[PDB]
There are 2 protein chains.
Amino acid sequence: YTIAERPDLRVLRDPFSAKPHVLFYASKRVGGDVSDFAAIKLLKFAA
Amino acid sequence: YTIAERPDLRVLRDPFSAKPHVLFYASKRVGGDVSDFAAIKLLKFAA
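Residues numbered from 1 in each chain as written, not as in the entry; some residues may be left out. Chains lettered and ligands numbered in written order. Part of a larger assembly, values for the part shown. Heavy atoms only, no water.

As recorded in the PDB header, cryo-EM is the method behind this entry, and the stated resolution is 3.42 Å.

The structure is reproduced here in structure tokens:
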């Protein structure tokens, strides 16, 4: 499994949209799927 | 009578909320009621 990501947490406080509040907008971006299909085995329970 | 206040007026102007406008927002916070009921006497005009 290979995980790709940006190593931060972009926070943007928004005193404008919801006016008497602050509305912090934090967003980390991360992705990833299996890269080596031979390196993972599973246990299915059926038969 | 005790006045509790934050000795500043906080201003916030958002060109972003409604774009063609500015929407100045200015606020201060204050509060207070009586602290010594024995130090304020009134004059009712009834009896």
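Participant: Explain the pattern of salt bridges to me, please; I cannot follow it from the model alone.
Facilitator: Where charged atoms from two side chains of opposite charge come close, those side chains can pair. This model, assessed by the stated rule, comprises three salt bridges over all chains. Residues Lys28 of chain A and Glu5 of chain A are paired through a salt bridge, measuring 3.2 Å at the closest nitrogen-oxygen approach. Of this pair, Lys28 of chain A sits in the loop between β3 (25-27) and β4 (30-33) while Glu5 of chain A sits in strand β1 (residues 2-5); the two residues are 23 residues apart in sequence, bridging distant segments of the chain. On the accessibility criterion, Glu5 of chain A (49% relative accessible area) is partly exposed. Close ionic contact of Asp14 of chain B with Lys19 of chain A constitutes a salt bridge, the shortest N to O distance being 2.6 Å. In this pair, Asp14 of chain B is assigned in the loop between β2 (10-13) and β3 (24-27) and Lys19 of chain A in the loop between β2 (10-12) and β3, connecting two distinct chains. By relative accessible area, which is 0% here, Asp14 of chain B ends up buried. (Salt bridge = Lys/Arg side-chain N within 4 Å of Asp/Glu carboxyl O. Helix = DSSP H or I, 4+ residues; strand = E, 2+ residues; numbered from the N terminus. Buried < 20%, exposed > 50% of the residue type's maximum accessible area, 1.4 Å probe, protein only.)

Participant: What am I meant to see in the environment of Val34 of chain A here?
Facilitator: Residues and elements named next belong to chain A. Its place among the elements puts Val34 in the segment after β4. Overall, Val34 belongs to the partly exposed group, its relative accessible area being 27%. For the pair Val34 and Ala47, spaced 13 residues apart in sequence, the C-alpha separation works out to 25 Å. Not counting chain neighbours up to four residues away, the residues in contact with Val34 comprise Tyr1 and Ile40. (Contact = heavy atoms within 4.5 Å.)

Participant: Teacher, can you tell me more about the layout of surface pockets here?
Facilitator: Rolling a probe over the atoms, with the probe sized like a water molecule, indicates the empty space that remains. By volume, the largest pocket amounts to about 170 Å³. Every residue lining the largest pocket is listed: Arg13, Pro15, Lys19, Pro20, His21 and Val22 of chain A together with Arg10, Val11, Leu12 and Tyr25 of chain B. It is β2 of chain B that contributes the most residues to the lining of the largest pocket, three residues altogether. Taken together, the residues of the lining of the largest pocket sort by class into six nonpolar, one polar and three charged. (1 Å grid on protein atoms, 1.4 Å probe; cavity = no way out; pocket = protein on both sides within 12 Å on 5 of 7 lines; lining within 4 Å. Points joined across faces, edges and corners; volume = space filled by probe spheres on them. Nonpolar A, V, L, I, M, F, W, Y, C, P; charged D, E, K, R; others polar.)

Participant: I keep staring at unusual backbone geometry and nothing clicks. Help me out?
Facilitator: Leave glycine aside and you will find that most residues have negative phi; peptide bonds, for their part, are mostly trans. Residues and elements named next belong to chain A. The backbone of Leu23 sits at a positive phi, close to 60°, despite the residue not being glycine. Counting through the fold element by element, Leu23 comes out in the loop between β2 and β3. Overall, the relative accessible area of 49% leaves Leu23 in the partly exposed class.

Participant: Please clarify how the environment of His21 of chain A should be interpreted in this entry.
Facilitator: All names here are of chain A. Its place among the elements puts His21 in the loop between β2 and β3. Residue classification places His21 among the exposed residues on the basis of a relative accessible area of 54%. Non-local contacts of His21, meaning those with residues more than four positions away in its chain, are made with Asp14 and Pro15.

Participant: Is there a simple way to think about the side chain of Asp14 of chain A in this case?
Facilitator: Residues and elements named next belong to chain A. It is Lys19 that comes nearest to the buried, bridge-free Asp14 among opposite-charge side chains, at 8.4 Å. Within the structure, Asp14 has its side chain in polar contact with the side chain of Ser17 (distance 2.6 Å). If we ignore the near neighbours within four places in the chain, the residues touching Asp14 are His21, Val22 and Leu23. (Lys, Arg positive; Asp, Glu negative; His and termini not counted. Polar contact = N/O pair within 3.5 Å; in protein donor to acceptor, adjacent residues only side chain to side chain.)

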